[PDB]
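Working notes, structure below.
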Amino acid sequence: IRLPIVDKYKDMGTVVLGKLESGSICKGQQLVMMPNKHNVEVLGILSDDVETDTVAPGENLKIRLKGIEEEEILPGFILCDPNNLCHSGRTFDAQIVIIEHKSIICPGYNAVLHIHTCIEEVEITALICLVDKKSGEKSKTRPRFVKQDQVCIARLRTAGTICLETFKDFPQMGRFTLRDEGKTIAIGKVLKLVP
Amino acid sequence: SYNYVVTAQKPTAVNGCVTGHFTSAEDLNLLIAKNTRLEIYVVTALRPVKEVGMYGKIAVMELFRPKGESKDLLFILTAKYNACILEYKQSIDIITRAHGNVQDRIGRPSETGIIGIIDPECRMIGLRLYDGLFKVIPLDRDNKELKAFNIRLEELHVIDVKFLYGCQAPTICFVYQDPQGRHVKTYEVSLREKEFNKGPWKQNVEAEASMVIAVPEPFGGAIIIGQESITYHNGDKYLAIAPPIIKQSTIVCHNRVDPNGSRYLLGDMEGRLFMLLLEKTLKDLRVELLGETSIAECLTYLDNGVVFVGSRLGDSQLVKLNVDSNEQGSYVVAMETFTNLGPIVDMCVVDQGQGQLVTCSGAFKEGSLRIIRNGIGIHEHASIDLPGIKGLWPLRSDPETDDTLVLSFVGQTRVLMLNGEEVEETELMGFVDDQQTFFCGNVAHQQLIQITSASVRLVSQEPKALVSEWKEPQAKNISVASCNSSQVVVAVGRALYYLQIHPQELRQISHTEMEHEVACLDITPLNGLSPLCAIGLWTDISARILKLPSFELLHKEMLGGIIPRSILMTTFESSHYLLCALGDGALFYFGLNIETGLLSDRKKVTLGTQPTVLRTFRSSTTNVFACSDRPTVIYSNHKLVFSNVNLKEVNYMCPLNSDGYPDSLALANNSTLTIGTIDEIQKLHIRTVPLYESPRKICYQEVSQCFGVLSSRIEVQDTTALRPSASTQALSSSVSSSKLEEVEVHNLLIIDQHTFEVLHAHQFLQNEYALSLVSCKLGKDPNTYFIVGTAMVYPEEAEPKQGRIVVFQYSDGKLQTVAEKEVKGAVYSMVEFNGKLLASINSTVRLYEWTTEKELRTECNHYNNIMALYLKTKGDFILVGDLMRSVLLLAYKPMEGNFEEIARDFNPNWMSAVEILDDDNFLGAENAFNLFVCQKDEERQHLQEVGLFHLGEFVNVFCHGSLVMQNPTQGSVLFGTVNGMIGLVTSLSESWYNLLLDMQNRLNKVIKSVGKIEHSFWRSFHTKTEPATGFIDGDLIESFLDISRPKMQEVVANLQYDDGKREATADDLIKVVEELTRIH
Amino acid sequence: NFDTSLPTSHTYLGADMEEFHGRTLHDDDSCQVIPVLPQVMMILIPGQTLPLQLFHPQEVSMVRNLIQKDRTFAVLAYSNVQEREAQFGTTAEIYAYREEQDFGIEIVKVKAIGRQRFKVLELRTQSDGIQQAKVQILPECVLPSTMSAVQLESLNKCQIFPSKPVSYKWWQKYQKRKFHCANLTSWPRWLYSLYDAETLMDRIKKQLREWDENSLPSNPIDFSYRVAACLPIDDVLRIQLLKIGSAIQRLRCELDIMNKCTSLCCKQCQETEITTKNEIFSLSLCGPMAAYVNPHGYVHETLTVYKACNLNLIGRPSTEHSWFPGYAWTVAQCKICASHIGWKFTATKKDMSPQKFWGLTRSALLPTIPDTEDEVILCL
Ligand SMILES: Cc1ccc(NC(=O)NCc2ccc3c(c2)CN([C@H]2CCC(=O)NC2=O)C3=O)cc1Cl
Ligand SMILES: [Zn+2]
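Chains as they are written, first to last, in the working numbering: chain W, 4 to 198; chain X, 8 to 1087; chain H, 4 to 383.
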């Protein structure tokens, strides 16, 4: 399981919002919530207007949580099943299609990075290998930069810390949009996670 | 480009044939459809009565009797779905009671073809035209417009359908096929509800059952013929026989012998005639083998055991079937043969002044050559072996009608008496018989006359004897003499005398002298005695006219050169002409003035290099016979109109009218005297050379004086043939190779041009299909060769992958194989191309040079998108075509040694034939029996479609040529047809096209059209449908001549005729259309 | 082996799209106005399937509204020489559609199918980067049998046969009975047989069988268009067939190419062999060739072949957006000229048949007739 948390509205003991993107979620089912590895048991699942005892992906849950961390939890964390839980850290590689740009984005370009609930500022630290759209053809050389209407693969440091998944490994939590001056300036599946 | 289409030979092939009472209730008629034509005969123990033309392919034709009508009426439905109901009217009209075009906007035409049926109570006509529907025309008195309604068929694939006899409501019985098999079913047709009602009965019939026969109302019911089985049904009685005697082939036509329906005739697909018998009610069936007829398309029983066999592949027949079967064999015997040129599968035009046309006609056992010569035929009543005649005269031993024939030989004369048809030598008392006679005849004052070299001899009739003689004042030889009823003018070489005829006296008058030795004389009167004289002198070579007694004739027209042989004054129509015929073969024909003297309006024409002799004769008007290598009759309609005579040469002639040979002719050549009647006027005379196998191509080698014919025959498996053929009975015969379910064996025949004997038969290789044939010289080699294109055909290999081009040569009596080329495909055509050989092999065109090493060396090679099935050429051009109607113009570029595509038009429709009209125009036959024309005039690589025309026949071949001697209209292409029609196509100037287009429209208002079908609906190009264009229907134009004088004036009423322009007269048109009739 | 219905259903596009049953055909010779989407360059054949991915809101508008009405837009044949004088083309009708804005640009993926051929009359240019094309429908020009003109009426009754067992004596039989009346004409049965829709279709079937395991249309029109799309030919030749108005002439000319074009070469450097006819096979039900879209919205008529020579591979096998579920792709390019020829496809499970195979884009290829013995092909 996997629920990107949109907001925490301390109420009751506590409570948390989102869309529920990996798996089913049983009432009182001990969980964790990431980068901080905080344990937490479900108390209360007020899905939609209704409450139910368990509920499957798709739905829109509010969830009352009990834990050592009860606000001081921020959006673009996620809940995670404790067995296979969520990868994270703050560098990553990804494939990044430049859709809109006046000139020439180029490494150490700064921009905002919207991944799921999270929204952290980011830098593309270097970009890696160009790729041509017609084929699939990765590129021969490194590229000094990427212009519009063009694709590259590039590695990326969020000036804090995230919780990523790789596309393929996961999709909704590894597609993301770079965004600058509120425009959409690229879109990117995440590939690896560096260290 | 604007063209004239006219028929030269009406279609011969029989579609369909019916009996019943149409002309008169008492008469029994045979009605025969020959495509667009409808022949009406009365049967006797066949008298032609009326033949007419639809503006239509007749596709159904039935006789039927509606209630309270006085004889049978006739339903026609044409290929274009024009219906009509027709009545005979007594001088004779065929009239249209009812008509309408029964086409539907929707509707896929049925695979089994159009099927017309009339129920026995004459309630309705039932039409099956499209799958899923059954059309019904109610026969109500008030259905003149043949309005009609459809009934849905669940069953989509109907094989065959008939109404039954003896039902309390009209009832259809039919075979249909679906996935579960083949079945016979019946419906009741509810007239009121306009629907089918569940029928009396039904039944899975034989797999290949295909023929329904409705039996009349003693037994009623239906018979169903298949391949192996013949089956009877009524309600739930059921008989099924499977006799061996019909095992071998397929029953395709049938007909009822008697009203009872006791007996039926059945026709094989390959010429067997059977009789089926129903035994009684109905208990058993027996089929019995009558024998072999022409391959039958339709059969009719007439009467006294006589049967009409309508053929398509062969000549149609009358056959007498005996109940005595011979040990000649089985029980059928031929009475008459009626000529069918049908499938004209290929042809060529031969011969040297007035050309004649040779065809590959027929199929299987009916295969023949047809030779077609335009002509005036002569029916012979006697031939007598009688060498050496040098003059001929009719005579009258008694004052009424000739009884005496006088013949002259060199310095000798002799007399024949005629008693009926027996000719017997006599003496005429008063006639010297040891000199050569130059003229003799009956004369004035109850007398007779003989003009010899020696003397001029007046003889009495009652007690015959020489009452007066005249000789030259110096006892000399007469050279040339001319005598009428009352006068004589005899020449003695240089100078000449005028003589008269009174009783007992022939007294001299004028004794003149000429420039040079007179060579021919005339005195034919235009009113008892001729006041004028025609002369021809030896050395001034001039046709002079002179006054009588006087001799100062004048108008002395010195033609050019050779001596004149004959001269004549005579009268055609009512104009008076003078004719003077030369010793080189030329004939000059001037206008005359009986009263004026001038000789004028000169024209001249050649007849044949052997010197000509000219005679007058009656056959009810007066013509001229012209003797030479080519004998010719002359008339007339305000042209003089030469017409070749269907005879080998006639040296001399006379008219002969006897108690045995009335209004006849006597013809003498070098070794025979012939007495005959003479047809008026010229028709096409067809000689038929049976081959007993299918001819496939024909071409002419003039130096070898013989034809090459590709042909094929059917053998059955070891391989051994089904009958003696041309190809199995040649004098000399070869084979391509030794022996190291039917099969097809291809031959090249060498047919003699005079005897039509098969001189040689070559057999091509096993599996080798012979496709193209051609006769020609190549490169700088004086030899003329036959050249065959073959293709090697295997069933496993769907496209031809190998073939030969073979060069034969026929000298002595032997066919030598001179040179081969293997070629990696089929040789669909060949054509001689500037002394090179141009051949189309698959989708390549290949041009070969003919070396001195006597072999073909490829010069160039051109690939096209189109398979090159048709090839034709002129000059530098090549016309290429395929089955699909796609055409290509190609040009040999001499400076590049290469080919170049000039124009092209891909316009997808089945194409059967093409031809070049000239550098810029292309003729074609294309789907649904059409003609079309393409025209040349960057985007000059597009051909334009400038002409379409719905012909009504399927053209197999075009070929350049005429059948009237050399020479308004421009050029000429003949065309040959599946139905056996021969046509002609030719160019018109835009002036004449405009005039004739007006004319067509005006003639359409005037002429009564048989089914009341509008001419322009008929001619309208059909598959898509468009109005006809750039063609003029000469068939229609020429009918101008047959309408009444008031109708002629109707037609010309408001026309500007065009010369030097003003109100057009019936006479301006009569002469225009007559010039037009003279192109065949 | 692997499920041959999978590649033709374009599952790589997304799981479900809204589907549209049929139904719109415009009656023949009519004058219609159809939108033409920009950037789509492909000569599209009746019955062929066309997948698309649209990114520009220009296109994305045009479609979103197209769905409401006709669902059909216009695809143009250009000879590259045309430089916009587009003169013929093909209607394509949308049968499936999906509009995602997940990634966060709105993307429209559609599956269209070619419907009708038309002639261009005029082209007007909505300033929205879209054309709307004044367009006259071309009728498929249908001919009766070759014999229906010349056929003896008495033998009409024999022209229908009992239908064929599902073996080549039947075709000798067929030929003998159908073209019997050739004897009335000036050609043989076996020639008229070379213009017989039913026969040609069968001769074509046998080649298509080699591609293996084949059912498909009974109508010659459809058949001729179905094999037209299987043929790896060049955009200028493809416009020719398309221009051809008879099924018969289409089938014929099509048989020519299948026999005459054994080799497939690098289109750019021309005289390099990539692959042969021998190696072509139909992974897709639809043929050895179909159209596929890639993620950037580029269309690829790719040809599935068992081996192929003179290529390099770059990078490692990837299943991203793969058109053939079960297989991964590796970019393939011409050993000589480097020009991207296609992809090498590799299995991810060791129990799939073809473990490897090449998928070669038609844009990268030049069909050759082998030899210098009549070597630029013309369709026959
Ligand atoms: C927002 C975004 C946009 C695009 C991508 N992917 C890319 O750029 N990916 C580069 C890429 C570009 C073009 C092609 C491919 C990948 C793969 N391929 C063929 C290969 C054979 C096959 O079977 N299916 C194909 O499609 C291409 O044509 C990722 C993101 Cl996150
Ligand atoms: Zn290359």
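Every residue, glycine too, gets a C-beta built ideally from N, C-alpha and C.
Give me the chain X residues within the contact set of H/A80, using Cβ-Cβ distance strictly less than 8 Å, ordered along the chain. Locating residue 80 of chain H in the third sequence gives position 77, counting from the first residue. Residues of chain X passing the Cβ test: none, with the nearest at roughly 17 Å.
Are the CB atoms of W/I118 and W/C155 nearer to each other than 8 Å? As a first step, residue 118 of chain W is located in the first sequence; it is residue number 115 there, counting from the start. As a first step, residue 155 of chain W is located in the first sequence; it is residue number 152 there, counting from the start. No, they are not a contact pair.
Against H/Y177, what residues of chain W qualify as contacts under a CB-to-CB distance less than 8 Å, listed in chain order? In the third sequence, counting from the first residue as 1, residue 177 of chain H sits at position 174. Those within 8 Å of H/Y177 in chain W number zero; the least Cβ separation is about 48 Å.
Is the number of C-beta pairs between the region 133–149 of chain H and the region 30–48 of chain H that are closer than 8 Å three or more? yes
Residue burial classification, W/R145 (beta-carbon count within 10 angstroms, cutoff 16): Sequence index remark: in the first sequence, residue 145 of chain W carries index 142 (1-based). Answer is exposed; the Cβ neighbour count stays below 16.
Would H/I108 pass as an interface residue toward chain W - the criterion being a Cβ-Cβ separation below 8 Å? For the purposes of this step, residue 108 of chain H is taken as the residue at position 105 of the third sequence. Output row for H/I108: interface = yes.
Please list, in chain order, all residues of the same chain as W/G70 whose beta carbon is under 7 Å from its beta carbon, the five residues on each side excluded. One-based indexing of the first sequence puts residue 70 of chain W at position 67. Cβ within range, chain order: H41, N42, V43.
Specify whether the region 45–63 of chain H and the region 108–123 of chain H touch according to this definition: at least 3 beta carbon pairs, one from each stretch, less than 8 Å apart. yes
Mind checking whether the beta-carbon of H/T275 lies closer than 7 Å to any heavy atom of ligand 2? Position 272 of the third sequence, counting from 1, holds the residue named residue 275 of chain H. Yes, Cβ of H/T275 sits closer than 7 Å to a heavy atom of ligand 2.
Could you check which residue in X/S557, X/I516, X/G384 has the C-alpha nearest to that of X/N653? The residue you call residue 653 of chain X lines up with position 646 of the second sequence. Of the candidates X/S557, X/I516, X/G384, the one whose C-alpha sits nearest the C-alpha of X/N653 is X/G384.
Considering only heavy atoms of ligand 1, does any lie closer than 7 Å to the CB of H/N315? Counting from 1 along the third sequence, the entry for residue 315 of chain H is found at position 312. Flag unset: Cβ of H/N315 not near ligand 1.
Under 8 Å, Cβ to Cβ, is there at least one residue of chain W near H/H29? Numbered from its first residue, the third sequence carries residue 29 of chain H at position 26. No, its Cβ sits nowhere closer than 8 Å to a Cβ of chain W.
In terms of residues, what are the limits of the beta strand (DSSP E) holding H/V36? The residue given as residue 36 of chain H occupies position 33 in the third sequence. First-last of the beta strand (DSSP E) with H/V36: 34–39.
If you draw a straight line from the alpha carbon of X/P470 to that of X/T629, how long is it in whole angstroms? Your numbering for residue 470 of chain X matches position 463 in the second sequence. Your numbering for residue 629 of chain X matches position 622 in the second sequence. Whole-angstrom Cα-Cα distance: 33 Å.
Beta carbon proximity, H/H59 to chain W, threshold 8 Å: Counted from its first residue, the third sequence places residue 59 of chain H at position 56. With 8 Å as the cut-off, H/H59 does not count as an interface residue toward chain W.
If we count the other Cβ atoms within 10 Å of its Cβ and call it buried at 16 or more, is X/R115 buried or exposed? Taking the second sequence and counting its residues from 1, the one referred to as residue 115 of chain X is at position 108. Exposed is the call here.
Which complete beta strand (DSSP E) runs does the region 175–222 of chain X hold, if anything under 3 residues is left out? 178–185, 188–197, 202–209, 218–221
Shorter than 7 Å, the distance from the beta carbon of H/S342 to the closest heavy atom of ligand 2, or not? Here the question's residue 342 of chain H lines up with position 339 in the third sequence. Yes, the beta carbon of H/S342 sits closer than 7 Å to at least one heavy atom of ligand 2.
Answer yes if the region 373–388 of chain X comes into contact with the region 356–363 of chain X, meaning at least three C-beta pairs across the two stretches below 8 Å, and no otherwise. yes
Closer than 8 Å, CB to CB, is H/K114 near chain X or not? Position 111 of the third sequence holds residue 114 of chain H. No, its Cβ sits nowhere closer than 8 Å to a Cβ of chain X.
Comparing C-alpha positions only, which one of H/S157, H/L267, H/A200 sits nearest to H/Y177? As a working mapping, residue 177 of chain H is identified with position 174 in the third sequence. Nearest C-alpha to H/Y177: H/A200.
Residues near W/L194 by beta carbon distance below 8 Å, same chain, minus five either side: Indexing the first sequence from 1 puts residue 194 of chain W at position 191. Only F95, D96, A97, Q98, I156, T169, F170 meet the Cβ criterion.
Could you tell me if the beta carbon of H/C272 falls within a distance shorter than 7 Å of some heavy atom in ligand 2? As a working note, residue 272 of chain H is residue 269 in the third sequence. H/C272 Cβ: within cutoff of ligand 2.
From X/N1008 to X/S1046, what does the alpha carbon distance come to, in whole angstroms? On the second sequence, position 1001 is the one that residue 1008 of chain X refers to. On the second sequence, position 1039 is the one that residue 1046 of chain X refers to. Straight-line Cα distance between these residues: approximately 13 Å.
Classify X/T639 as helix, strand or coil using the three-state DSSP reduction. Taking the first residue of the second sequence as 1, we reach residue 639 of chain X at position 632. Three-state DSSP puts X/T639 in a strand.
Within its chain, find whatever has a CB closer than 6 Å to the CB of X/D636; leave out the 5 residues flanking it on each side and keep chain order. As a working mapping, residue 636 of chain X is identified with position 629 in the second sequence. Excluding residues within five positions, the ones whose Cβ falls inside 6 Å are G615, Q617, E656.
Roughly how many angstroms lie between the CA atoms of W/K141 and H/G318, to the nearest whole one? To locate residue 141 of chain W, count along the first sequence from 1; it is residue 138. To locate residue 318 of chain H, count along the third sequence from 1; it is residue 315. Between W/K141 and H/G318, the C-alpha separation is close to 7 Å.
Report the residue from X/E118, X/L553, X/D126 whose alpha carbon sits nearest the alpha carbon of X/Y194. One-based indexing of the second sequence puts residue 194 of chain X at position 187. Nearest option by C-alpha distance: X/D126.
Which listed residue (W/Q33, W/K192, W/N39, W/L34) has its alpha carbon closest to that of W/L77: Translated into the one-based positions of the first sequence, residue 77 of chain W becomes position 74. With distances taken between Cα atoms, W/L77 lies closest to W/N39.
Which stretch, first to last residue, makes up the beta strand (DSSP E) that contains H/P54? Walking along the third sequence from the start, residue 54 of chain H turns up at place 51. Element bounds for H/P54: 52–57.
List the residues of chain H that X/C260 touches, going by C-beta distances under 8 Å, in chain order. Your numbering for residue 260 of chain X matches position 253 in the second sequence. Neighbours of X/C260 on chain H, chain order: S157.
In whole angstroms, give me the CA-to-CA distance for X/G1037 and X/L895. As a first step, residue 1037 of chain X must be located in the second sequence, where it is residue number 1030. As a first step, residue 895 of chain X must be located in the second sequence, where it is residue number 888. About 21 Å.
Tell whether a beta-carbon distance below 8 Å holds between X/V723 and X/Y659. By one-based count along the second sequence, residue 723 of chain X stands at place 716. By one-based count along the second sequence, residue 659 of chain X stands at place 652. No, the Cβ-Cβ distance between X/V723 and X/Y659 is not below 8 Å.
What residues in the region 132–154 of chain W bring their beta carbon closer than 7 Å to a beta carbon of chain H? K136, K137, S138, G139, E140, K141
X/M68 by DSSP, collapsed to three states: which one? As a working note, residue 68 of chain X is residue 61 in the second sequence. Of the three classes helix, strand and coil, the one that applies to X/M68 here is strand, per DSSP.
Any alpha helix (DSSP H) of 4 or more consecutive residues that is wholly inside the region 176–236 of chain H: 192–195, 200–214, 223–233
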